[PDB]
Amino acid sequence: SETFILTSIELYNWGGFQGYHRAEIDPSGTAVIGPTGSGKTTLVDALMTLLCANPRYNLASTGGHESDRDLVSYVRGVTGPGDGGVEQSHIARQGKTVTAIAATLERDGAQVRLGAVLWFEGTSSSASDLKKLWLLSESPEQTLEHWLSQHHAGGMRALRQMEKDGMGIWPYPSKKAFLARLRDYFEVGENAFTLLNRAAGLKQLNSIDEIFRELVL
Amino acid sequence: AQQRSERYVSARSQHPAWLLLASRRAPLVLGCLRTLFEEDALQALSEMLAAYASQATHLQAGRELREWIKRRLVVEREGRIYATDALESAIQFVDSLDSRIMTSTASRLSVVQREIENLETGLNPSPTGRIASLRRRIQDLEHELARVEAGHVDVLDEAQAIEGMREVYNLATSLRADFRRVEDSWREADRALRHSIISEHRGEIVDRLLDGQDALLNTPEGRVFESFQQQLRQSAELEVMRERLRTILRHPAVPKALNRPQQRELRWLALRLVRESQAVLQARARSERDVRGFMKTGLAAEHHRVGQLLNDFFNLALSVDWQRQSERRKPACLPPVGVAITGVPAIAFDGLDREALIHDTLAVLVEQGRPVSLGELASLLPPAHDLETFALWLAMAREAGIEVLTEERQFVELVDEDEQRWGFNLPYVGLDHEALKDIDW
Amino acid sequence: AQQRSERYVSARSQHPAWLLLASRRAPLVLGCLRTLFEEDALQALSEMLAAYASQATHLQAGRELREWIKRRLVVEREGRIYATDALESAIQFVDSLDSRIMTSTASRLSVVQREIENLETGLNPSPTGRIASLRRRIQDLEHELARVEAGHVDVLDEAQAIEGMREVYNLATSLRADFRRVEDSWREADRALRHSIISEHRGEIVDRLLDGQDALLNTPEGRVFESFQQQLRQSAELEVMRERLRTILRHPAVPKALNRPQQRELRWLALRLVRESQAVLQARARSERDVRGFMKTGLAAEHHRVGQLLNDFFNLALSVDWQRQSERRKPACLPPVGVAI
Amino acid sequence: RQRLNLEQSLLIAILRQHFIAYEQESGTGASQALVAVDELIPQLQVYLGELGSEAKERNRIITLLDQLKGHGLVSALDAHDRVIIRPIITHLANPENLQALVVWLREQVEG
Amino acid sequence: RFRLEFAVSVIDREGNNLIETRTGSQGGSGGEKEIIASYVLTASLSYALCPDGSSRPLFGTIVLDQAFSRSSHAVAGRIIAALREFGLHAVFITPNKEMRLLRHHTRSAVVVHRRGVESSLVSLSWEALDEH
Amino acid sequence: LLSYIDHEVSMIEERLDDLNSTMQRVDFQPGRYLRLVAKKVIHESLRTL
Ligand SMILES: Nc1ncnc2c1ncn2[C@@H]1O[C@H](COP(=O)(O)OP(=O)(O)OP(O)(O)=S)[C@@H](O)[C@H]1O
Ligand SMILES: [Mg+2]
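Line by line, the protein sequences give chains W, L, D, C, Z and U. Heads up, the first sequence is in PDB author numbering, so the first residue is 10 and it goes up one at a time. According to PDB author numbering, the second sequence holds residues 5 to 42, 51 to 67, 76 to 220, 223 to 369, 404 to 497 in order. According to PDB author numbering, the third sequence holds residues 5 to 42, 51 to 67, 76 to 220, 223 to 363 in order. Heads up, the fourth sequence is in PDB author numbering, so the first residue is 126 and it goes up one at a time. Heads up, the fifth sequence is in PDB author numbering, so the first residue is 957 and it goes up one at a time. Heads up, the sixth sequence is in PDB author numbering, so the first residue is 859 and it goes up one at a time.
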């Protein structure tokens, strides 16, 4: 009808997954299954990072009492608390690297794509050294591989130059303007997405007054 | 005068809504149709018709639906049933017999006088009379301002406020009556266009229409709707109107005039109207796209010729004797099409299901019709998993209120897939169908 | 949900207009009724039914007429027949199936917005808002006057003019909607009052009501109609409105907007409205006079006793054998009244 | 496969007319031609005739539908008493074959 | 917004009777907390979307993690029924604890796998999976 | 202090009514459903002011 719904999800060089991966989701409601500790929560965390203004990674594990991870660990791809030694073998990728994610919403006679690109430059772990960029496309010819080709063929300016000659593209250097534009486009309340992220894994209710006075109103 | 009688006879003969009025089962049909608009329709119609024997079910419901579709009361596009103007007109007529908001009010007279004055002023092209009218209106407004500054703020009465609210609601809600009419006009125009194209097949017309990017399906209703929506696109006055309405709603006299649904409808006029207006553009676009796709097929001449040949064959088919088996079994001449091969060249999932077990146990209980203990029930219906079943039976017994005795033991011997033996020291229960016949699960 | 189903079943069972529509001979009878309201009626019905056998005329026409009288679609008072709301509703529904004036037009939207503003202003008791709105409206009118004096006179287009004219006709013709409803409400109030008096027959209530000069038979529709006619009695605005209507009547777009009957209807709006409004008060006065006459008759107790005695007699009459001639010829006990010598 | 007689030929012609009706008012999108048996019953009764009981006519129609399904023109009935007309009939009732069969039947009637 | 106090109440369908008033989710059992929290959160989310200012939602989807970790079958059935009645679209994430109900109420499945430190994602309908 | 606060409270009450209007459609345990209510309290330093 006139309601957008998620249709597919991309992933590239993110967390445990390496190389190029993608999954399709039927709009009639789908299930995700796998043995214990196989990456199920990773996919949803990657999806959630793109919407809320403050992610709560791996919330459902504790039932809603604590957070346990951060963006940098996902980006570099740690796979355990580690052993301790000269070579930190418990880290998948070191040095300069690139990560890119994308999501696709579809509606009858419509199609909208989101996504982001992040990268480092040298062997470092400071939060400030995280080069970030968010995107929002409308045309169908915009694909993740095109973005990667543009990045490898140039730099930040090369990526920004797409808007000058292309159409249906609006890069944002700051997440705040991106969120404002998204909310204006979708015509939703100011606290909808954070509410969704909070409702993803919460299993208790201490007092409804906090929920209404902080989220709903 | 007699022409009116002839037209009435024709209307009684033709118009589908009147035929639905003349239908015997009109109440149930109207109730079902009104409830739905707020395949599966056949299910709902049969379910409603079920507990109304009084006075087949599935067959009759299907026959009625197909007859109404042939009567064009509703339309079928791909897999969905859509309504026309006649349904809404009939529904309005039926539900208007209860309560109608009176129009012969002094407030309506005042509004009519104001609109008449506005029309008379607007249609005048004289540059002098307009200036004089503007001066007179400004003078009257200044007089009113002076009187108000004198301290003469006028507040209307309770009955006056109620009448004003009712008239405003009546006039406002009437904006949504013409929506289905535009869709029906577009569909009939499309059907006429397709009939003309197939009747003509000439490829020059198809090429010219495909080349032309001008909008097809031109009816006056489309232009009127376009103008209405174009003026509706200006939100500046819409915000003021919404604010005024919400200000009005907070008055003590509101509960005395309008019920809950009317207030709810009035609160969200603007956004609902905007969305409803948007909803028709997609339909127009899809209709145009389908027409263009059909035109690009280029099979109109083929269909015309095949229809002519089929008509000739069916004309010939009336001169044969279908009462003879020998003639009916006389082979014809048609080459085999799509001939297949000659058959051969001549050389930890699943777990447990609850519903099936419950239904089978209910069937056994009703067919036996006597109290049964666990041993006999296990013997008659051997289980796949020994557990997950005793617990279910005990839970049913406890929930139904049927007493269970624990002072005596019944020994049941079971053998699993891999041979071996197990012994269950169950207590005694007695199960009957009558006690548990009226509890959902 | 199911409540609406039950309500519609009851409506099919009850509403006389639906019964007339569900009749076999609905079209011809409806045409005859429309012709008449525009003995004698029964004769005309037989005349029309004569040359329409297709598909004893006097025998069946009277039966249908009397059934519909029982169905109350037509009211018979002394010897004359009058129409009610249901017949007019059915007539409107039938004639609306051919042409319906479009209602989703921009002009109606403008009227709705302006009337919303007017009512919101009129229901505000605060003086400061009134002053501010007055000044703002004066300023807007002054700006528009300045633009017009600058030479910006605007005239509606032919399509827009036709739209406006059709909307004006649609709104104007709505004034004659609920005339008969007041009459029907007064009739049912009369019946209810008579039944209450008979069920009571207490002479104190009748004497008090006769002594009291307060007008009885009061309905909310009566109050609304009274206020409407009180405002209507101001001829100053009526003359101006009629002059504007006459001025508009002479325009090139008139033939392309309305037909001859619509022009005729718009031509004599005021006189016909005054006539119909005056007709209601005479009927109400007759109803009140007849109510007072029936009350002054003072036979309610006698009629109640006679009704009770007839009920008892009819209850007892079900225990005899009516199949025997001898019992049917057994003389009764009744003294002669008005014997002829 | 076996040859085709006149009763099956008339049924195929009726199904071709149904397919034409379906194809005329069709646009972009995946759709199928489904026809109920009860709709087909009176049209074939017009030519063949009418049997005493509805059961007899229904059995005859089911037999004919099974005979035509053996040629791959239709499919099995669903739970709602409907059949699906395969597009292969379009090539079975192409105008050349239609003309040939019309001429042959005309010669059969005339003498 | 700090000058008000909020409470929830359970009212019987027929008639209008207070049956239980609550200010939170204290003192409950395992399943009760889960069902109450899910119900109130999904209702609040449904309101918080476009129908806040009326009209139908433009972005309808909701993600549940570790679905039905503590409840029984009937509670899960009620949850699914309510979620569908609210008129949204759901994606479920569960271990292999339960799959019958998912098969009964879904159409597509994604299987993830790990072999070493990599990962593999496969998507499929149920009909293809049934044949293995 | 008077106008802004009172108007905000009134708007909040109206919005809460709108929210609890639609809750009734969805069904809780059979024969039951939920409803949200609010009460007004005034306290703290306001009186002092
Ligand atoms: N921040 C992190 N630090 C270390 N290891 C991590 C981190 N994030 C994820 N992992 C690894 O990624 C895996 C956990 O991710 P997931 O497989 O999504 O967990 P999971 O899917 O919730 O497991 P289940 O099935 O829900 S119990 C483990 O192998 C962890 O060692
Ligand atoms: Mg977690």
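All residues carry an ideal CB built from backbone N, CA and C; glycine is no exception.
Original post:
Of the residues that make up the region 996-1016 of chain Z, which ones have a beta carbon closer than 7 Å to any beta carbon in chain L?
Top reply: 1009, 1010 and 1011
**OP:** From the DSSP output, in three-state form, read off residue 19 of chain W for me.
**Re:** Locating residue 19 of chain W in the first sequence gives position 10, where the first residue counts as 1. Looking at residue 19 of chain W - three-state DSSP - the assignment turns out to be strand.
**OP:** Show which residues of chain A have a CB atom less than 9 Å away from the CB atom of residue 118 of chain W.
**Re:** Of the protein chains in this structure, namely W, L, D, C, Z and U, none is chain A.
Original post:
Can you give the Cα-Cα distance for residue 63 of chain W and residue 135 of chain W, rounded to whole angstroms?
Top reply: As a first step, residue 63 of chain W is located in the first sequence; it is residue number 54 there, counting from the start. As a first step, residue 135 of chain W is located in the first sequence; it is residue number 126 there, counting from the start. Those two C-alpha atoms are separated by around 19 Å.
Subject >> Beta carbon proximity, residue 290 of chain L to chain Z, threshold 8 Å >> reply: For this step, residue 290 of chain L is matched to residue 268 along the second sequence. Yes, because at least one Cβ of chain Z sits closer than 8 Å to the Cβ of residue 290 of chain L.
Subject >> Separation of residue 105 of chain D from residue 198 of chain D, as counted between CA atoms >> reply: For the purposes of this step, residue 198 of chain D is taken as the residue at position 178 of the third sequence. For the purposes of this step, residue 105 of chain D is taken as the residue at position 85 of the third sequence. Using only the alpha carbons, I get a separation of about 8 Å.
Subject >> Segments of 4+ residues assigned as alpha helix (DSSP H) that fall wholly inside the region 88-124 of chain D >> reply: 105-116
Subject >> Straight-line Cα distance separating residue 185 of chain L from residue 128 of chain L >> reply: By 1-based counting over the second sequence, the position of residue 128 of chain L is 108. By 1-based counting over the second sequence, the position of residue 185 of chain L is 165. The alpha-carbon atoms of residue 128 of chain L and residue 185 of chain L are separated by roughly 12 Å.
Original post:
Using CA coordinates, which residue listed in L:18, L:37, L:138 and L:60 is at the minimum distance from residue 90 of chain L?
Top reply: The count along the second sequence starts at 1 and reaches residue 90 of chain L at position 70. It is L:18 whose Cα lies nearest to the Cα of residue 90 of chain L.
Original post:
Enumerated in chain order, which unbroken segments of the beta strand (DSSP E) with a length of 3 residues or greater are wholly contained in the region 178-212 of chain C?
Top reply: 207-209
Subject >> Buried or exposed (CB count within 10 angstroms, at least 16 for buried), residue 895 of chain U >> reply: Here the question's residue 895 of chain U lines up with position 37 in the sixth sequence. Answer is exposed; the Cβ neighbour count stays below 16.
Original post:
Taking all protein chains shown into account, do 16 or more other C-beta atoms lie within 10 angstroms of the C-beta of residue 134 of chain C, making it buried, or fewer, making it exposed?
Top reply: Here residue 134 of chain C refers to the residue found at position 9 of the fourth sequence. Residue 134 of chain C should be labelled buried.
**OP:** Mind listing, in chain order, the continuous alpha helix (DSSP H) runs of no fewer than 4 residues lying wholly within the region 47-114 of chain W?
**Re:** 49-58 and 80-85
**OP:** Give a yes or no on whether 8 Å exceeds the smallest Cβ distance from residue 881 of chain U to chain Z.
**Re:** Residue numbering aside, residue 881 of chain U sits at position 23 when the sixth sequence is read from its first letter. By this cut-off, residue 881 of chain U is an interface position.
**OP:** Could you pull out every unbroken beta strand (DSSP E) segment of at least 3 residues lying fully inside the region 121-188 of chain W, listed in chain order?
**Re:** 140-146
Subject >> Under 8 Å (Cβ pairs) to chain L, residues found in the region 164-195 of chain C >> reply: 164, 172, 173 and 174
Subject >> Which of helix, strand or coil DSSP assigns to residue 980 of chain Z >> reply: For the purposes of this step, residue 980 of chain Z is identified with residue 24 of the fifth sequence, where counting begins at 1. Of the three classes helix, strand and coil, the one that applies to residue 980 of chain Z here is coil, per DSSP.
Original post:
Roughly how many whole angstroms lie between the Cα atoms of residue 99 of chain W and residue 85 of chain W?
Top reply: Translated into the one-based positions of the first sequence, residue 99 of chain W becomes position 90. Translated into the one-based positions of the first sequence, residue 85 of chain W becomes position 76. Rounded to the nearest angstrom, the two C-alpha atoms are 10 Å apart.
**OP:** May I ask which residues mark the beginning and end of the alpha helix (DSSP H) holding residue 12 of chain D?
**Re:** Translated into the one-based positions of the third sequence, residue 12 of chain D becomes position 8. 6-18 is the extent of the alpha helix (DSSP H) around residue 12 of chain D.
Original post:
CA-CA distance, residue 154 of chain C and residue 1070 of chain Z?
Top reply: The count along the fourth sequence starts at 1 and reaches residue 154 of chain C at position 29. The count along the fifth sequence starts at 1 and reaches residue 1070 of chain Z at position 114. Going by the C-alpha atoms only, they are around 40 Å apart.
Original post:
Any chance the CB of residue 429 of chain L is under 7 Å from a heavy atom of ligand 2?
Top reply: For the purposes of this step, residue 429 of chain L is taken as residue 373 along the second sequence, with counting starting at 1. The answer is no for residue 429 of chain L.
**OP:** Go to residue 455 of chain L, then tell me how far its alpha helix (DSSP H) extends in each direction, as first and last residue.
**Re:** The residue labelled residue 455 of chain L in the question sits at position 399 within the second sequence. Where residue 455 of chain L is concerned, the enclosing alpha helix (DSSP H) stretches over 446-456.
Original post:
Closer than 7 Å: is that where the CB of residue 67 of chain W sits relative to any heavy atom of ligand 2?
Top reply: On the first sequence, position 58 is the one that residue 67 of chain W refers to. For ligand 2, at least one heavy atom lies less than 7 Å from the Cβ of residue 67 of chain W.
Original post:
Count the other CB atoms within 10 Å of the CB of residue 207 of chain W; is the residue buried (16 or more) or exposed (fewer)?
Top reply: In the first sequence, the residue the question calls residue 207 of chain W occupies position 198. The residue is buried, with at least 16 neighbouring Cβ atoms inside 10 Å.
Original post:
So, is residue 88 of chain L buried or exposed, given that buried needs 16 or more other C-beta atoms within 10 angstroms?
Top reply: Here residue 88 of chain L is taken as the residue at index 68 of the second sequence, counted from 1. By the 10 Å Cβ count, residue 88 of chain L comes out buried.
Subject >> Assigned secondary structure, residue 149 of chain D (DSSP; H/G/I helix, E/B strand, else coil) >> reply: Here residue 149 of chain D refers to the residue found at position 129 when the third sequence is read from its first residue. It is helical.
**OP:** For residue 49 of chain W, verify whether its CB is less than 7 Å away from any heavy atom of ligand 1.
**Re:** Residue numbering aside, residue 49 of chain W sits at position 40 when the first sequence is read from its first letter. Yes, ligand 1 has a heavy atom inside 7 Å of this Cβ.
Original post:
Does ligand 1 have even one heavy atom less than 7 Å from the beta-carbon of residue 78 of chain W?
Top reply: Residue 78 of chain W sits at position 69 when you count from the first residue of the first sequence. Yes - ligand 1 has a heavy atom lying nearer than 7 Å to the Cβ of residue 78 of chain W.
**OP:** Look up residue 171 of chain L in the DSSP assignment and say whether it is helix, strand or coil.
**Re:** Sequence index remark: in the second sequence, residue 171 of chain L carries index 151 (1-based). The answer is coil: DSSP assigns residue 171 of chain L none of H, G, I, E or B.
Original post:
Would residue 162 of chain D pass as a contact of residue 158 of chain L if the rule is Cβ separation under 8 Å?
Top reply: Position 142 of the third sequence holds residue 162 of chain D. Position 138 of the second sequence holds residue 158 of chain L. Closer than 8 Å, so yes.
Original post:
Within the 8 Å Cβ cut-off, does residue 1060 of chain Z reach chain W?
Top reply: Locating residue 1060 of chain Z in the fifth sequence gives position 104, counting from the first residue. Not closer than 8 Å to any Cβ of chain W, the Cβ of residue 1060 of chain Z fails to qualify, so no.
Original post:
With respect to 7 Å, is the separation between the Cβ of residue 45 of chain W and the closest non-hydrogen atom of ligand 1 below this value?
Top reply: The sequence position of residue 45 of chain W within the first sequence is 36, counting from 1. At least one heavy atom of ligand 1 is nearer than 7 Å to the Cβ of residue 45 of chain W, so yes.
**OP:** List the residues of chain Z whose Cβ lies closer than 7 Å to the Cβ of residue 905 of chain U, in chain order.
**Re:** Translated into the one-based positions of the sixth sequence, residue 905 of chain U becomes position 47. Under the 7 Å cutoff, chain Z gives no residues; its nearest Cβ is about 13 Å from residue 905 of chain U.
**OP:** Please name the residue or residues paired with residue 484 of chain L in a DSSP beta bridge.
**Re:** In the second sequence, residue 484 of chain L corresponds to position 428, counting from 1. According to DSSP, residue 484 of chain L bridges with L:461.
**OP:** Put residue 126 of chain C into one of helix, strand or coil per three-state DSSP.
**Re:** As a first step, residue 126 of chain C must be located in the fourth sequence, where it is residue number 1. If DSSP states are grouped into helix, strand and coil, residue 126 of chain C belongs with coil.
Original post:
Taking C-beta to C-beta, are residue 959 of chain Z and residue 867 of chain U nearer than 8 Å?
Top reply: Your numbering for residue 959 of chain Z matches position 3 in the fifth sequence. Your numbering for residue 867 of chain U matches position 9 in the sixth sequence. Yes. Within cutoff.
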